[PDB]
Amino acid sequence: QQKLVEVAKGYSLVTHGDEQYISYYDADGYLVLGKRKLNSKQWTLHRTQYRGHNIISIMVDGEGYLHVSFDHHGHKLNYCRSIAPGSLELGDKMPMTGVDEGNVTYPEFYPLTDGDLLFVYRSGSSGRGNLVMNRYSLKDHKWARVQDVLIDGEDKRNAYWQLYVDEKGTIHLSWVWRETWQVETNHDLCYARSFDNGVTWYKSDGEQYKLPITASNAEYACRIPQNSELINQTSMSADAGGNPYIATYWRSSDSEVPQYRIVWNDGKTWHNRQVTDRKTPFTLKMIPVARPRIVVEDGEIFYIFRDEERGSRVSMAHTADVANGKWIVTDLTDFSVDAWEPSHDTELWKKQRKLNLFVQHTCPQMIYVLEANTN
């Protein structure tokens, strides 16, 4: 039933309709775009005109156009669109809004209701990283700025964020704060959501934010102090009811051992729960565990990770119900993928409840799509 489907060797996975798209850098450093029909193993692979840092984000809009952004130097925005619906061929680089596009890192697309797109990036044009958010309107075929300043670290702070657009079109946002250049100064887990494509933001209790969101006015999903081995830049999800779930890891005050965690809000309060039972300490001050990924089905969680304790396999922790059920931990591979961190086809889960993972041994190594069993 589970399958490990070959793509190609390389030095980011999205379904639209019955086709799955992928992006990676080949051995010669060229950005490749590929697609297959679902339930087949034949990839059409298109080496683009662009050569490689090395972050690629793709998304397909409601018309079937592929939008692509890549971060090499962390300077000018690199943004292209396919020439036609369904095509892997890219046009020339183009602007989005033409404003604040000179110092771009960590591009991320998300799909919105009715075929529109969201774009989030880390802008460096102030001298420090700042979340900038744009929307692509399918009806007028242009990009517009949604927020210039959403999370404000004032003089004192950087933020590291993750987002998810749920099955109702709500934008979920969570982040950690970081005080200095040192990773040990990560602290806390904060939350916001928007029901109106990023115009207005709320806390989970229904209180409306007055923007920007600072450390003073933020909703704290969890208070986690500095020196807790709290990692930055993970992922989050939501169920069909719009309840948010955040996956990360940190170490409790009394323990030497960091543990994977799930943090979620049930409509009334925040909960957190330990996911596995690790025994090996590590400190962030080659990290032996990966940043986690999650998919959810009404409280049932599939939590994807990688841990030196388990031989650096692709691993899964699964619970039938995050509120009450035990976690069953298994390996999806029986081979090490070393420094790999999970990513998955977010749209395929939302539309079809199939979990597909981008898998590659990470230090040319074969890229695979792992088609996991979840029911």
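In this text, residue numbers run from 1 along the sequence as written.
- According to the entry, the stretch of the deposited sequence that connects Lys285 to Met286 contains 4 to 9 residues lacking coordinates, which leaves a gap of moderate length in the model.
- Comparing 110-118 with 86-94, the stretch with the higher mean C-alpha B-factor in the PDB entry is 86-94.
- The mean C-alpha temperature factor is higher for 319-327 when 39-47 and 319-327 are set side by side.
- Residue-level inspection of the entry shows that, of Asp61, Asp334, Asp345, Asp26, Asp26 has the top Cα B-factor.
- Among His75, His187, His172, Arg145, the highest C-alpha B-factor recorded in the PDB entry belongs to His75.
- Among the modelled residues of its chain, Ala240 has a C-alpha B-factor that falls in the highest third according to the deposited record.
- Among the modelled residues of its chain, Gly198 has a C-alpha B-factor that falls in the lowest third according to the deposited record.
- Per-chain ranking of the deposited C-alpha B factor places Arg353 in the middle third.
- Per-chain ranking of the deposited C-alpha B factor places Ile367 in the lowest third.
- In the deposited entry, the Cα temperature factor of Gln20 sits in the bottom third of values across the chain's modelled residues.
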